[PDB]
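Before any comments, here is the structure.
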Ligand code: NA
Ligand code: NA
Ligand code: NA
Ligand code: NA
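Pasting the structure below:
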């Protein structure tokens, strides 16, 4: 429903409380560090109004059209529709934008369908879902706790906790270490870390406008690099930004509270509501798109330099193909095996999604490595468009050709491969893939604990009956 | 349709021309090296008559019942039925029997449905399919060419070639290096290696009874070890055997010829007919069953020795779970994306099956390693059931307990884990998984060449338009 | 000093209390399961009297000649001499015999040189060293504790503990899970597992003749396979055997007690005495020899089948070469950086030896994999010498040739490659390399804790001074 | 001998013909993109005059003092001295400067000692060595050939070739794709790629001042990022730069020609002269220093966030320790096994150096990965020193602490870890380690071909005699 113009106007009128290198960012839509991603998100919103993609990206309901990521799926076909929307948006940025709002709309959609889970705060959840849906707003998630130097009563508000409760709502103080893509209208403070018994003061779930007084987003090093599409094909447009989120006695209205002082409710929220399943559904579609981009670049690089005649290179590209097919397989099974949860919400299969989200963090570094191995040293000496336009341009056109590519074309392609792997932007993507869904160690331990291993244990026990029978 | 008794009687009456350590095997049904696998195959046939599995393992047609692996699938549901049959049979032997006849029935079924591919030999193919189906016979595939010492006119019949053609059929001479599970009624001489231009004399496809004069199967080292289910839980029953296949001027009746002197027809047979797709479908179901067995053993081992409290061990088991889910995903997508080929035969998706068959050979050695890492040195000092039954039995019961298992139970379980990984039988399984479908290097190069990489290359080319536009 | 004949006579006269499949082994020198390794150890002893190797394998002292592994090294040259002896013995069996007595003589030699460490039991240690040296006896180490099923006062003697102390010595009861190469005159009960506070009853170190009443060695599955050098080139001669060691109220004379009820002394024994350093020195020489054998086989296999023309194969062999050089490097630095410990005993560098023993367990599975990848399916269908000698021999000679090898030669070579990797014997070698020195997880944690990381931390702290200076 | 001031004055007076983004660089000593590395190289030169390091970094000869990397070693002690100098210089920049001039001085030193190899150009080589030594100049190597688009007589001067020969010297035209650290007085055009028969026009070896008319160095993307030591601890000072090198009818005086039109001489130059051995000696010392830096950072990171209590983290740090010890071992053996080559030049052992240079390219990506795994998401949201100095500084000091570190200290450390791995500078280091010495595929094939595998093949042949004897 939202247009790119509406999104841009919203951030310009009520900008997120962003700070960059010790200074407040007055207008992120024009600031050199953020204007690129803002334009990109704006383009994602505009695509919703392109007739060619209207049916893929939006659905009609009572005379209004809403983004597909808000659709509460009733059938497997509806799930497929949500998946197609995730994929189309992902493809626009070669799967490089990892925290586009549809992944969180998936979470809020599930929370709302499973609103009974929240008890007294159920209506708050349903109303918030309707607000985000109707206004088609952008969201960001603030997660991870700070640490305290115990080498130095103690301050109980380092991590975000409730200072007090009033007739208007709750006052919170503390910080969240990470919020990716802060160019949003709203920030969600939902649990991503297990809470131990006694941590009620920190067991909260709520949402706030990003301009809320007392709320501050502190940026890390900008990885944009430049505006030239030739020199910085990806960083010039898909640099989402990561930030520290500070809560200085922030007032959270009661209407925006979803969970308050309940350890168990927080710990089981994502799984019980189905938010885990739906957000992971967006993720598998996203990573399929990302892998497709790497396959395309690898294939073009190999052909462009005539390296495709080498068995070694063909094998590496085939390896990327195997991984692409693995991700497509997880995506297909996630949808085909979907079943309704305790609240009647159809959710994609967790086994398939757990497989995808626990395997891709291992596959990605290898996919990145493969591109480095194909490009080799050719990725480390790429000139700028300015050099082609300068006095030595003629020399560059004569010396920077590929076995099957003209100079400008080869450099444009290798600059993209470089931006996908070795630029500050590209390297960040690696760290991001390794950890965005959580620490792999914890994720694997979680998978071990939740998985029903009984059918297999029983089959082996049955098979061993003949072994123990020798003693009869 | 066939019963275990009928299969046993068939091999006893007309045994395959098997040789073991320089001597002819008169009765494989009673010989210590082969009676185990014979009994196992017999049990697979008997299961077809168990009312609980009749509908899963067989289908009715004109008053007769045939094995499900012969069913020419018309719908995705039919494909699912074939898959369920592959899985049920596989589960009986923990996915350790890698060349049960249903994988080749899948090949012959596809050949028959796509019989037009064979031209003048089309009816031969259809009739052979009907013969195998009606009699429910067991088959084995003889593949791989011998080498010739060129450090020594030359003998043109080292690999299997046509010596002459007569009114009765063709006379062939040469050898195939491998035939796994030779306890079969028939041997298929189909192409698995690419033929170069000019190799018409070797471009053949035919089938023969395993007792055919001039045909000899020479066995390698027996890996059975013993008959005790406790000491040798798997090798005592699932040792399929591998053999060299010699053709000493063997007469092949014209009715058994499917391809004669046609290089192109041989090279495209498996892909064009859909045999590749259907055989790979049996394989993915089989490997899913195999992975489930490893998961069960790993889980029981960890719990039995209290190692499940270690994060490291939980992580390794979760890794097996990720691989199990990956294989289930490939299997699901293979069926859901199925489409009809040029001959109207519904075939499971090759992308998904290529992913599965090119990934599992890499996953298996790791799955095996994980079991070794969980069992550790505990896998290297396992006593025999005879020691428990001997004078020191009481000591063993007191000293060989697991943190949560009695001695006999722990040893029975570890003996199984050992037989699945470190016994001669278990180690062979590793080599087998690495190469049964082909040399990974060639397989990956084949995947690279057949895969349509254009959609991805086009997306990147489109994305790079903005890069090259800077020069406008 | 000892001859093979003396060793054989010793085991025949006073055989270790060995049990195989519920029965006592009366004469291991003639028993089919043990005669091979007995002959091999005998050959190692005989080599000491070959004039060509006398100076490498023995040293003279006061009119007597002793095995080099007993030499207390005073100079780096002496260390080199010990290394050359380790290497020569290792080479005789292609580095496949992993527990030849010289590795334990290294331990006892260090214990004796550092005898003061043992306090009141110091003379016992010195005298035992002299006994083993003078008689040139063979030893085996019994290690690892049993577990107790807590799913079932408790029996405090599952692991080996002291039941009582008398005027004659101590009475022990319990079991050790592993003893490799039990074809020895003596068994050492030394600590390999960390002891916790309060475990004094189990903190012991002593030695006993293997025929001691109450002592029982229970064998696991025999991996010999056969006596044919062609069919079983390694298992027929280097199958050391592993066994469970039972202590049924065994009396240990006071003269054979080295540590009694001292937790700290046990925990620091190997490191403080230098036994760790010297035993690891034997190990690095041993693994260098083992890697050389794999390199030789891989090279001959590649050349024999003409696979050496493939870049992929050359790369795999070069990988083995890199690992061989790494091990040679660790060995060289271990000797060149040697320094005296607290007791004045020259000990090889622990940093280099810790690197070698923590890296090889990871390199070995890959070296094994490489051989499997070069041999491929050719390793799974190897006939017996009996087939070459049988009626089909002529066919085998014509069909089993290598691109540059005659049939018998290729099969002999591949049978060796198979015995080094896929036979029960070969697969055991893999598990053995992964764990013989300890659980890698514990070994790496031990390395982390003992390593002086301060120099590096200090360099970084110094480098960061400029970073923090920006706030001045 | 040279001081930092002399080096700076030299580049300012006669600057290399550098181009950055289409413009000539007039003064690299003050240009924001190059002043950092210039200052760093200057500091390396100044260290030579610090009394504490004078004996390590320089040697006296006839009243003059020269850089240690010019010393022609006569004894193993001399080799050790060269190694200590390589190490001290490397440590100043945490092993991040990969092309400091001493690695090329090692090449020129070897060329000079083995000058007879060059025939008629021998005196040219000796004189050039003396020139570089006496003036203590900095050098850079221009390598790798361009490609030609054959999808488009042909221009025979794409790669560097001789256009004509005159009484003054030779005129060359073409390009070299890479030259790292162009902030040098001289550029060496030596062979790094195998030349095929008939490529005489391209088989050349010569040296030129970097300001030579017709010579142009074209820079790739600057990776400096910023001058703040806090925000960019490494990129602000060790960004060496990589560039394309253009030769536009450049005149090379005869005195600067070392090899002219000789394919074989070029192909065997590095190996025959010993340049390969000596340059690889600098490399192993360099990588040992680099690994020590990673160990220090990893250790400080783990302790700083209290992650050192996790077994997983301890294991990863121990892994870095194993790799550090491996590199130290290769370095030690390279020196201890040194022998004189055909020209009487003592050269470090190639086996050890081939092991080091072929293993480190595989170890480095893992070492980098380990740092990413320890720092995790904490590496992706690091604020700037400007944020600590800004209005929100107090909040940052309260929320960015480590379990055992104050905020500024933790961020300074993590910023360093980030700059070593994920910044554009850090990621480039990864690609650089993977390929600076050559394509691993070619390097491994070269190792396979040059290594004497006969001793191992012979040992196996001898061992197999017993196998073939069964047929006697
Ligand atoms: Na730029
Ligand atoms: Na047995
Ligand atoms: Na045998
Ligand atoms: Na900056």
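Residue numbers (the UniProt record's numbering), protein chains in the order written: chain A, 2 to 153, 158 to 477; chain B, 2 to 153, 158 to 477; chain C, 2 to 153, 158 to 477; chain D, 2 to 153, 158 to 477.
Heads up, the beta-carbon is just placed ideally off N, CA and C, and yes, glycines get one too.
**Asked** Looking at the C-beta of residue 446 of chain C, does it have a partner C-beta in chain D at a distance below 9 Å?
**Response** Stepping through the third chain from its first residue, residue 446 of chain C is reached at position 441. For residue 446 of chain C, the nearest CB of chain D lies under 9 Å from its own CB, placing it at the interface with that chain.
| message | Assuming residue 376 of chain A and residue 426 of chain A are in contact, meaning their beta carbons sit under 8 Å apart, how far apart are those beta carbons, in whole angstroms? | response | The sequence position of residue 376 of chain A within the first chain is 371, counting from 1. The sequence position of residue 426 of chain A within the first chain is 421, counting from 1. Contact between residue 376 of chain A and residue 426 of chain A holds, with the beta-carbon distance rounding to 5 Å and staying under 8 Å.
Q: Pick helix, strand or coil for residue 26 of chain A, following the three-state DSSP scheme.
A: Stepping through the first chain from its first residue, residue 26 of chain A is reached at position 25. In this structure, residue 26 of chain A counts as coil in the three-state DSSP scheme.
### Query
Does ligand 2 have a heavy atom nearer than 8 Å to the CB of residue 226 of chain C?
Locating residue 226 of chain C in the third chain gives position 221, counting from the first residue. Relative to ligand 2, residue 226 of chain C has its C-beta within less than 8 Å of a heavy atom.
**Prompt:** Quick one: does residue 35 of chain C have its CB under 9 Å from some CB of chain B?
**Reply:** Working through the third chain from its first residue, we reach residue 35 of chain C at position 34. Not closer than 9 Å to any Cβ of chain B, the Cβ of residue 35 of chain C fails to qualify, so no.
Exercise. From residue 398 of chain C to residue 224 of chain B, what distance separates their C-alpha atoms?
Worked result: Translated into positions along the third chain, residue 398 of chain C becomes position 393. Translated into positions along the second chain, residue 224 of chain B becomes position 219. Looking at the backbone, the Cα of residue 398 of chain C and that of residue 224 of chain B are separated by about 13 Å.
| So, are the CB atoms of residue 298 of chain D and residue 96 of chain D less than 9 Å apart? | Within the fourth chain, numbered from 1, the residue matching residue 298 of chain D stands at position 293. Within the fourth chain, numbered from 1, the residue matching residue 96 of chain D stands at position 95. Yes, they are a contact pair.
Inset, instruction - Put residue 188 of chain A into one of helix, strand or coil per three-state DSSP. - result: As a first step, residue 188 of chain A must be located in the first chain, where it is residue number 183. In this structure, residue 188 of chain A counts as coil in the three-state DSSP scheme.
Checking contacts by CB at 9 Å: is residue 244 of chain B closer than that to chain A? Counted from its first residue, the second chain places residue 244 of chain B at position 239. Taking 9 Å as the CB threshold, residue 244 of chain B stays off the interface with chain A.
So with CB distances below 8 Å, who are the chain G contacts of residue 319 of chain D? In summary, chain G is missing from the structure at hand, where the protein chains are A, B, C and D.
Original post:
Using a beta-carbon distance below 9 Å, is residue 150 of chain C in contact with chain B?
Top reply: Along the third chain, one-based indexing puts residue 150 of chain C at 149. Yes, contact with chain B.
- Query: Considering only C-alpha positions, which residue in the set A:383, A:365, A:93, A:321 is nearest to residue 374 of chain A?
  - Reply: Numbered from its first residue, the first chain carries residue 374 of chain A at position 369. For the options A:383, A:365, A:93, A:321, the alpha carbon positioned closest to that of residue 374 of chain A is the one of A:321.
**Q.** Cβ pair residue 371 of chain C, residue 324 of chain C closer than 9 Å
**A.** Residue numbering aside, residue 371 of chain C sits at position 366 when the third chain is read from its first letter. Residue numbering aside, residue 324 of chain C sits at position 319 when the third chain is read from its first letter. Against a cut-off of 9 Å, the Cβ pair of residue 324 of chain C and residue 371 of chain C comes out as a contact.
Point to revise | Residue-level contact to chain C via CB, residue 437 of chain B, 9 Å cutoff | key: Residue numbering aside, residue 437 of chain B sits at position 432 when the second chain is read from its first letter. At least one chain C Cβ lies under 9 Å of residue 437 of chain B.
Practice task
Below 6 Å CB to CB, which residues in the same chain sit around residue 292 of chain B once its five sequence neighbours on both sides are set aside?
Solution key: Numbered from 1 along the second chain, position 287 holds the residue referred to as residue 292 of chain B. The beta carbon of residue 292 of chain B is closer than 6 Å to those of 332, 365 in its chain, skipping five residues each way along the sequence.
query = Going by DSSP, which residues form a beta bridge with residue 194 of chain D?
reply = For the purposes of this step, residue 194 of chain D is taken as the residue at position 189 of the fourth chain. DSSP, once it has assigned bridges, lists D:211 as partnering residue 194 of chain D.
Practice item. Using 8 Å as the cut-off, classify the Cβ of residue 283 of chain D as near or not near the heavy atoms of ligand 2, replying yes or no. Key: Position 278 of the fourth chain holds residue 283 of chain D. No - ligand 2 has no heavy atom lying nearer than 8 Å to the Cβ of residue 283 of chain D.
message = For a cutoff of 9 Å on Cβ pairs, would you count residue 199 of chain A as touching chain D?
response = To locate residue 199 of chain A, count along the first chain from 1; it is residue 194. Answer no: the Cβ-Cβ gap between residue 199 of chain A and chain D never drops below 9 Å.
Requested in this report: Output the boundary residues of the beta strand (DSSP E) element that contains residue 263 of chain A.
Outcome: By 1-based counting over the first chain, the position of residue 263 of chain A is 258. Run containing residue 263 of chain A: 262-265, per the beta strand (DSSP E) assignment.
**OP:** Please work out which residues of its chain come closer than 7 Å, Cβ to Cβ, to residue 252 of chain A, disregarding the five sequence neighbours upstream and downstream, and give them in chain order.
**Re:** Position 247 of the first chain, counting from 1, holds the residue named residue 252 of chain A. Counting only Cβ-Cβ distances below 7 Å, and skipping sequence neighbours, we find 165, 177, 178, 179, 180, 219, 220.
Practice item. Would you check whether ligand 3 has a heavy atom nearer than 8 Å to the C-beta of residue 407 of chain A? Key: Here residue 407 of chain A is taken as the residue at index 402 of the first chain, counted from 1. It does not: the Cβ of residue 407 of chain A is nowhere closer than 8 Å to a heavy atom of ligand 3.
Problem - Three-way DSSP call (helix, strand, coil) for residue 276 of chain D in this model - result: Position 271 of the fourth chain, counting from 1, holds the residue named residue 276 of chain D. If DSSP states are grouped into helix, strand and coil, residue 276 of chain D belongs with the helices.
Next item on the list: Please determine, among B:88, B:173, B:82, B:255, the residue with the shortest C-alpha to C-alpha distance to residue 162 of chain B.
Entry: What you label residue 162 of chain B is simply residue 157 of the second chain in a count that begins at 1. With distances taken between Cα atoms, residue 162 of chain B lies closest to B:255.
Is it the case that the region 129-139 of chain B contacts the region 100-110 of chain B, given that we only count it when at least three CB pairs across the two stretches are under 8 Å? Short answer: they touch.
Task: Own chain partners of residue 294 of chain D with C-beta closer than 8 Å, once the 5 adjacent residues on each side are dropped - done: For this step, residue 294 of chain D is matched to residue 289 along the fourth chain. Within the same chain, residue 294 of chain D has close Cβ partners 88, 91, 92, 95, 96.
Cβ-heavy atom distance, residue 236 of chain B to ligand 2, below 8 Å
Within the second chain, the letter at position 231 stands for residue 236 of chain B. The closest heavy atom of ligand 2 lies less than 8 Å from the beta carbon of residue 236 of chain B.
- Please say whether residue 212 of chain D and residue 198 of chain D have beta carbons closer to each other than 9 Å? For the purposes of this step, residue 198 of chain D is taken as residue 193 along the fourth chain, with counting starting at 1. For the purposes of this step, residue 212 of chain D is taken as residue 207 along the fourth chain, with counting starting at 1. Contact: no.
Limits of the unbroken beta strand (DSSP E) element including residue 61 of chain B:
Within the second chain, the letter at position 60 stands for residue 61 of chain B. Per DSSP, residue 61 of chain B belongs to the beta strand (DSSP E) from 59-62.
Within 9 Å (strictly less), CB to CB, does residue 393 of chain D reach chain C? By one-based count along the fourth chain, residue 393 of chain D stands at place 388. Nearest CB-CB separation between residue 393 of chain D and chain C: below the 9 Å threshold.
Are there any heavy atoms of ligand 2 lying less than 8 Å away from the beta-carbon of residue 389 of chain B, as far as the coordinates show? Against the second chain, residue 389 of chain B aligns to sequence position 384. Within the cutoff, so yes.
Same chain only: Cβ atoms within 6 Å of residue 260 of chain B, ignoring 5 sequence neighbours per side: Working through the second chain from its first residue, we reach residue 260 of chain B at position 255. Correct list, in chain order: 125.
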